[PDB]
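Enquirer: Pasting an experimental structure, sequence included:
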Amino acid sequence: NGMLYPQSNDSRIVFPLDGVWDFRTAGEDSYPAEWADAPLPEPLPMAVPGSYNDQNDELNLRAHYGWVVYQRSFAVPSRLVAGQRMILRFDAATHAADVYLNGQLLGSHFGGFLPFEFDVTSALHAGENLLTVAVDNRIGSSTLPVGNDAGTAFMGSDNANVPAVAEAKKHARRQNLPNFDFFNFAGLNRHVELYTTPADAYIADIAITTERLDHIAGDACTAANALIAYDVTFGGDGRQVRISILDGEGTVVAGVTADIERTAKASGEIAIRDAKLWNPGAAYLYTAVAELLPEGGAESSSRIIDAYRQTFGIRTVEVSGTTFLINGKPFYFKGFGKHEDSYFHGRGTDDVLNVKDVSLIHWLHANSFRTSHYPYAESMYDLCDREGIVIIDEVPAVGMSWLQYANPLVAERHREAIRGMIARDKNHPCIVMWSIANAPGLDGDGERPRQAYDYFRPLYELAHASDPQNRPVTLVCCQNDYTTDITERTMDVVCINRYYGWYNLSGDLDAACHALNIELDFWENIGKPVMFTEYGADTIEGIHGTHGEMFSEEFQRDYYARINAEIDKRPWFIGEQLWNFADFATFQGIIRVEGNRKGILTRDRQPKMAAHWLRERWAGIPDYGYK
Amino acid sequence: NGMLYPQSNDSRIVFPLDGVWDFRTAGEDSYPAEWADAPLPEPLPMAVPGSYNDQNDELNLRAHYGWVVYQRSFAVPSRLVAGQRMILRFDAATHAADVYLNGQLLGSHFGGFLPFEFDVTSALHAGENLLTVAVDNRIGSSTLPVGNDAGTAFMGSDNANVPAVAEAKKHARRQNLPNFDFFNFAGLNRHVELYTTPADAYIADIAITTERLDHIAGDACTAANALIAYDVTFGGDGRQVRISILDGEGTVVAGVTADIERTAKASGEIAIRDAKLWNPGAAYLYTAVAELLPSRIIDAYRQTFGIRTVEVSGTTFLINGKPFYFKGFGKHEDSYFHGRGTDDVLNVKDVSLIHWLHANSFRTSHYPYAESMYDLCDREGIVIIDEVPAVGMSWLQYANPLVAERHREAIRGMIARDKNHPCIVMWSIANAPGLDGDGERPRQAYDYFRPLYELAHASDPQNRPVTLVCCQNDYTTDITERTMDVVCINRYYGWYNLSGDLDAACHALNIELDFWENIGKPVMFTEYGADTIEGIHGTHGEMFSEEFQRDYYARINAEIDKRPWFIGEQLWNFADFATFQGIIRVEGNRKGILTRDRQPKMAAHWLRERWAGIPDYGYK
Ligand SMILES: O=C(O)[C@H]1O[C@@H](Oc2cc3ccccc3oc2=O)[C@H](O)[C@@H](O)[C@@H]1O
Ligand SMILES: O=C(O)[C@H]1O[C@@H](Oc2cc3ccccc3oc2=O)[C@H](O)[C@@H](O)[C@@H]1O
């Protein structure tokens, strides 16, 4: 179950396989088997990592439906593979992939936003190796994220009662129809790499938890004592593992040698005196170095069999009444939902962009975001660990309704996504909360609200069982009839998406604020902490008015000014994450002006009027103690 | 019923009352009547003509609901009023007005897009006169154009099932909710003027018709003989009227003296040898000069006209016996600052753009336009489909006799005002009403519209074709559109349905074209298009890009070219225009092939090239 990010050290090496690959589009329902067994005929170039859709303007790959096939060759010195365990890792292949090496299927995966890997020790050979990866972009009623098997995309226009329209639909070209509001970018969206570990015995997983903090300082920078726990899992086959705790300067401040017991694990606790805590706006990271010792322990030899360096931060998270406590201090979220989205790359990971976006989060005086609507690339979490930005980590369970709740295949994929996200991400101190879905159907009459609850409650429990830190769990709720939804109010933090004054009461900020206050009165009675995870207004940079109407920069600024003045009056409202950080691509349609334009930044990360207004507001709101 | 545009001549003078007036906003359902008795307190400035909504950025007058009050003073020499009939004309007050002069209520008008006038001979006095005009902008289920009494504006987003939304609606500020897709600009949108006629007897109305053309030239520039008819109505009280026909150079080419009979009318026919005909792309105008006789002239009026016939014949639309093809668009009277206010600089520019595009026609979507625009199109050879403000209609309106009454007023009023223009070739009695469905609904719509079709025919002395512009609907259960003289359809295949899929859009369009092929009427587009933000570009153009709009017209027009019975392409729209705000309107309607500032998008260039190669006559 461990998926530690590949590391290079004295016992391990990583060989990236990124670069310009060969590529062919394939069929709507299948691809040629022979393409895995020999070089692709007449290949196109395709950079990896990246979405494929915007990498070829001769083709219309945004319209592609079905399979594509990637391929490349590689060779490595025999000297480096000898005696080692060889693993091929795919950080993400969106949505489903079949991976072949030298004409043999290594295996398959479903789930477009989480990593998977194969043991290729026996499949590799000397000299050039031929790696082929078939990737399927199709979405439908059984995928996460969810597609529509017929009709229109989410937020699509129709005239379904016109006989000519009904007839033309029957014969129209097959297309993915997202039941979600972001473009279905597909392909090898994240890195590919070959890596090595020792074969006889190796470190397979590490979990670090902050179990307890004693006498936390007034400023939350330190605690008199921190109790941390480690759990190390091994693969392979009186053995021991040395655990060293390094502080921010790399000095060993704690260390223990633990017995490995059988499935093989070592676990224990370590007390850290005068512990330096991790906080939003004030990151501090330690490293847990795990070193597998040879048979005979340190008593017999100085050599190290295997090693892995796991970053971690010491901090607690606790929901208490209507507060969200980090290191016992009442936190207030400032930020937004994001997307992994950019020109050229699509959903492809881009660390230049991640580094820039983290600086923009600081420029705005924001302190947090949500990984709307899928787990992000691993590097972004490491960056937010070092930069003191809090994350709500969310699985790709977007577009769901009652059709999905009855389907065992969907429930299995949903559990896989929750387990996989938490297994990948559990050691990040920046992650303070898990989201098990975005905007599923929860309300209505008859049995529908109960059916939704019965689907989601076990997933809430799974997210708690899976996280060794036991962080809060939420479900991000779409604008709905909050009085018949019986699921959202059971979450640990209530996370609501609301578009009062945009999708309803349009343009009337007085009415919008009145409606918002009626719903806030409902949440006030429930007595849980509540935050916005979405609210906003599509905004075309450069459209201006003295009395700003919808789509103007002024309306977007006025929107936030009015709504935020209302939530400031509620002590139990513990965060404001708006929609969205930046404009992003969507399926085309009559309400999407070259995608979603609710960004406070443009797609090129330039600030609209509302961004300047929010920057000034957020400059004056502290991370702790605002409420 | 005559509403001849005010003229100055030896017998008549016009005194314009345009300029910067005083202005105050008033209440949702009332205004202070006493404001007519003294200068408005603390007035704002307000230019007339113009909509008021965009003339004050300290206020949000786009949000205004109810009444406003205009006022100004004027004085004219006693010498000018002596012995004359004094008439105060409002070219348009949108939507309803109460008019006072020196504190006396002259009367009221309902209907925001047609002229009305008052005899103020007795209310005028020497020196300064105080003119107060209260204007009501309210629209609702009994007005034309139609407003919604509750819910949202047309094409508005909602979450009606959210309890907080339902409750907030109950208490929200009252607003007009258009059931139409253009902003509800209000105020004194067109000119105001005082004018004079003789009092004892005067010319009240003139109708000129083209009755028959003999031996029309191959190129339709002339006919060996044209038989025209005149009908002159008089007001006041063996009298006679002199009718002189002036050609384009002002030469009197024909003349007759007719007896006036009592209701007081003179009528007759005149034969014009080697008549110069009016054609799209080749205007020629005559003037009929009517002079009431006692060397003296008692009264006079100069009525421009053009000699031409219009005939629907099978699946053809014949102008002077030639098969015409419409190229053009729906327009709007819409611009920055002015709103719906008439602007003849803009009208002159727009007519030049119609020529730049090689278009030949437009429709007055969705209300009669200012009179000056029709005069301009008369002289510039641009054909017009003239439409009343019956937009936003459905079964709630058809059951309401007040709406039918207003609809009849609008049809009679438009045709009475506009009947003499040669550029007008067809009348439209509605845009996008509800016509389809189950049960009694299609028959109820037909029973409502058929008498209005008959009224438009009865009212027009030229007996021009009459249509009803149909919104995308279930054409198989609509039983009304197919009975019109020309079938005029608004279709948005590939935009509002089959979105972005031009192959599917063309397949669907062709299925509906197969339906119309069997009906056997002439058919044309009056709307089709795609919102387009200038500057948004793609190599594979998606919705809102300039390329998608160009590709849209390229694909759709290739299909209608294959149908010989499809006699015109009027797209939506000439230029981007203002609407009520909402999630599908990016600062208004962006289906213009031109921007709101009349700059050409990619599609405008593509259409210009297409239209350059399509002749006015004989394309099909
Ligand atoms: O609409 C967006 O910009 C985002 O919408 C979110 O889901 C919601 C959509 C609607 C639509 C109509 C009325 C109320 C709504 O409230 C919502 O909460 C979605 O989570 C985002 O991914 C979309 O981008
Ligand atoms: O939508 C417009 O741009 C114009 O719409 C016209 O009416 C129609 C609206 C719709 C909506 C959805 C599907 C099909 C439609 O077909 C129509 O004909 C209206 O005549 C114009 O005034 C609008 O601006």
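Expert: Looks like it arrived, so ask away. Numbers count the residues shown, from 1 in each chain, chains lettered A, B, ... in the order given. Ligands and ions are numbered 1, 2, ... in the order given.
Enquirer: Name the residue of chain A that lies nearest to ligand 2.
Expert: residue A:159 (4.9 Å; C-beta to the nearest ligand atom). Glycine gets a C-beta too; all of them are placed from N, C-alpha and C.
Enquirer: For that residue, give its distance to residue B:396.
Expert: The gap separating residue A:159 from residue B:396 is 22 Å, by C-beta to C-beta, to the nearest Å.
Enquirer: again with residue A:531
Expert: Residue A:531 is 44 Å from residue B:396, by C-beta to C-beta.
Enquirer: more neighbours, these two?
Expert: residue A:531 (24 against 15; other C-beta atoms under 10 Å in any protein chain shown).
Enquirer: For the more buried one, which non-adjacent residue is closest in space?
Expert: residue A:575 (3.3 Å; C-beta to C-beta, 6 or more residues apart in numbering or on different chains).
Enquirer: Export the helix or strand that that neighbour is a member of to CSV, keeping only CA atoms.
Expert: Using DSSP states H and E, residue A:575 sits within strand A:573-578. These are the backbone C-alpha positions of strand A:573-578, laid out as CSV (Å, rounded to 0.1, in the frame of the first residue of the first chain):
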residue,chain,number,x,y,z
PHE,A,573,-17.8,30.7,10.1
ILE,A,574,-14.2,29.6,10.0
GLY,A,575,-13.0,30.1,6.5
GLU,A,576,-13.4,31.6,3.1
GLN,A,577,-12.2,29.6,0.1
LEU,A,578,-13.5,31.2,-3.0
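Enquirer: Direction included, what does it pair against?
Expert: Paired with strand A:573-578 in the same sheet, following DSSP bridges, are strand A:333-337 (parallel), strand A:530-534 (parallel).
Enquirer: and it, does that touch ligand 1?
Expert: No - figure legend: strand A:573-578 not in contact with ligand 1 (C-beta under 6 Å from any ligand atom); closest approach 10.6 Å.
Enquirer: who's in contact with that strand?
Expert: A:322-324, A:330-337, A:368-370, A:392, A:493, A:520, A:523, A:529-536, A:560, A:564, A:567, A:600, A:614, A:627 (C-beta atoms under 8 Å, 6 or more residues apart in numbering or on different chains).
Enquirer: 6 Å - rerun?
Expert: A:324, A:332-333, A:335-336, A:370, A:529-533, A:535-536, A:567 (C-beta atoms under 6 Å, 6 or more residues apart in numbering or on different chains).
Enquirer: got it, and stretch A:445-455?
Expert: So stretch A:445-455 is in contact with A:405, A:442, A:484, A:486-487, going by C-beta under 6 Å, 6+ apart.
Enquirer: which one of these is nearest chain B?
Expert: The nearest member of the contacts of stretch A:445-455 to chain B, counting by C-beta to the nearest C-beta, is residue A:484 at 9.2 Å.
Enquirer: Could you dump the contacts of stretch A:445-455 into TSV and include secondary structure?
Expert: TSV is the format used below for these (DSSP: H, G, I helix; E, B strand; the rest coil):
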residue	secondary structure
A:405	helix
A:442	coil
A:484	coil
A:486	coil
A:487	coil
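Enquirer: Next, give me the two most distant ones among those.
Expert: Of all pairs drawn from these, the widest gap by C-beta to C-beta lies between A:405 and A:484 and measures 16.0 Å.
Enquirer: who touches stretch A:405-421?
Expert: A:114, A:142, A:144, A:375, A:395, A:397, A:404, A:451, A:455, A:462-463, A:466.
Enquirer: To clarify, my last question referred to stretch A:131-143.
Expert: Residues contacting stretch A:131-143 (C-beta under 6 Å, 6+ apart): A:31, A:36, A:67-72, A:93, A:96-101, A:147, A:149, A:176, A:186-187, A:403, A:407, A:409-410.
Enquirer: what does stretch A:19-26 give?
Expert: Residues contacting stretch A:19-26 (C-beta under 6 Å, 6+ apart): A:40, A:43-48, A:64, A:67-72.
Enquirer: Dump it to CSV, restricted to CA.
Expert: Backbone C-alpha positions of stretch A:19-26 (Å, rounded to 0.1, in the frame of the first residue of the first chain) are rendered in CSV as follows:
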residue,chain,number,x,y,z
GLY,A,19,10.9,13.8,-22.4
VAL,A,20,9.5,13.7,-25.9
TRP,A,21,7.8,10.3,-26.5
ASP,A,22,6.2,8.8,-29.6
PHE,A,23,2.4,8.9,-29.8
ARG,A,24,-0.5,7.8,-31.8
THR,A,25,-4.3,8.3,-31.4
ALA,A,26,-6.2,5.0,-31.4
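Enquirer: Just want the most central residue of chain A.
Expert: Note on chain A: the residue nearest the mean C-alpha position is residue A:375, at 1.7 Å, using C-alpha atoms, centre = their mean.
Enquirer: and that residue, which of the three is it?
Expert: Per three-state DSSP, residue A:375 ends up coil.
Enquirer: for it, what are its contacts?
Expert: The neighbours of residue A:375, taking C-beta under 6 Å, 6+ apart as the test, are A:113-114, A:421.
Enquirer: now with 7 Å?
Expert: Residues in contact with residue A:375, defined by C-beta atoms under 7 Å, 6 or more residues apart in numbering or on different chains, are A:113-114, A:393, A:395, A:421, A:424-425.
Enquirer: Residue A:587 now?
Expert: Taking C-beta under 7 Å, 6+ apart, we find residue A:587 in contact with A:153, A:178, A:183.
Enquirer: Which element, helix or strand, includes it?
Expert: Per DSSP H and E: nothing holds residue A:587, as it lies in no helix or strand.
Enquirer: what helices or strands is the helix or strand following the strand holding residue A:575 leaning on?
Expert: Moving toward the C-terminus from strand A:573-578, the next helix or strand (DSSP H and E) is helix A:609-619. For helix A:609-619, the elements it packs on are helix A:553-567, judged by 3 or more C-beta pairs under 7 Å, 6 or more residues apart in numbering or on different chains; DSSP states H and E.
Enquirer: Can you give the contact residues for the helix it packs on?
Expert: A:501, A:509, A:513, A:516-517, A:535, A:537, A:539, A:541, A:543-545, A:548-549, A:573, A:576, A:578, A:608-610, A:613-614, A:617.
Enquirer: now could you export just the CA positions of the helix or strand where residue A:384 lies as CSV?
Expert: Assigned by DSSP H and E, residue A:384 belongs to helix A:378-387. Provided in CSV are the C-alpha atoms of helix A:378-387 (Å, rounded to 0.1, in the frame of the first residue of the first chain):
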residue,chain,number,x,y,z
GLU,A,378,3.1,15.2,-5.2
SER,A,379,5.6,18.1,-5.7
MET,A,380,2.9,20.7,-4.9
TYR,A,381,2.3,19.2,-1.4
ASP,A,382,6.1,19.2,-0.7
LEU,A,383,6.2,22.9,-1.8
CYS,A,384,3.2,23.8,0.5
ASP,A,385,4.9,21.9,3.4
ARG,A,386,8.0,24.1,3.0
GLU,A,387,6.0,27.3,2.4
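Enquirer: packing partners for that helix?
Expert: Taking 3+ C-beta pairs under 7 Å, 6+ apart as the contact cut, helix A:378-387 packs with helix A:351-363.
Enquirer: The helix it packs on: how far from the chain's middle?
Expert: What separates the centre of helix A:351-363 from the centre of its chain is 16 Å, taken as C-alpha atoms, centre = their mean, to the nearest Å.
Enquirer: quick one, helices of the stretch 301-450 of chain A?
Expert: Taking DSSP state H, counting those that start in this stretch to define them, one finds helices in the stretch 301-450 of chain A at A:351-363, A:378-387, A:402-405, A:408-425, A:448-466.
Enquirer: In a markdown table: those helices, plus distance to ligand 2.
Expert: Below are the helices of the stretch 301-450 of chain A laid out as a markdown table (distance: least, C-beta to the nearest ligand atom, whole Å):
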| stretch | distance to ligand 2 |
| --- | --- |
| helix A:351-363 | 37 |
| helix A:378-387 | 41 |
| helix A:402-405 | 27 |
| helix A:408-425 | 33 |
| helix A:448-466 | 29 |
